[PDB]
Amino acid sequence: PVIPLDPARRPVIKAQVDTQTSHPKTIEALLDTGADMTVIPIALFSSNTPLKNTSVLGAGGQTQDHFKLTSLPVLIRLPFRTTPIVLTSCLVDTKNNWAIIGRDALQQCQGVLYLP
């Protein structure tokens, strides 16, 4: 679908996320062309799930803390799609619970940005 861009209304979407550690869950995620990589909430995971450490570039510079990588791929299903997005790895937000569909996922559903 064509998704209008509005400063007052974030372009969010329902996404079923399978972290392969528990049952697939539906979240509301921000469609973010400015994001190199997808971010999912730590709440999607179980308590015994191992994650890799990392340091990501953010608005406050380097955040050497609340972002981790999954060891296993992450599967994401959009409402109008049966076939899933399969990310080799993606970021996990451990402080807050940000949900961000990055260009890694957007490429897989062949999404484009269009300026008239």
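Start at 1 with the first residue shown and count on from there. Each form is matched to the other, and the largest set of C-alpha atoms that superpose within 1.5 Å is called the rigid core.
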query	finding
Greater Cα displacement in 7 other deposited structures of this protein once the core is superposed, comparing 86-94 with 62-70	62-70
Greater root mean square CA deviation, 95-103 compared with 12-20 in 7 other deposited structures of this protein, core aligned	95-103
Mean C-alpha temperature factor, higher of 77-85 and 62-70	62-70
Mean temperature factor over C-alpha atoms, higher-scoring stretch between 1-9 and 106-114	1-9
Highest-ranked of 91, 57, 30, 27 once sorted by CA temperature factor in the record	57
B-factor third for the C-alpha atom of residue 35 within its chain	lowest
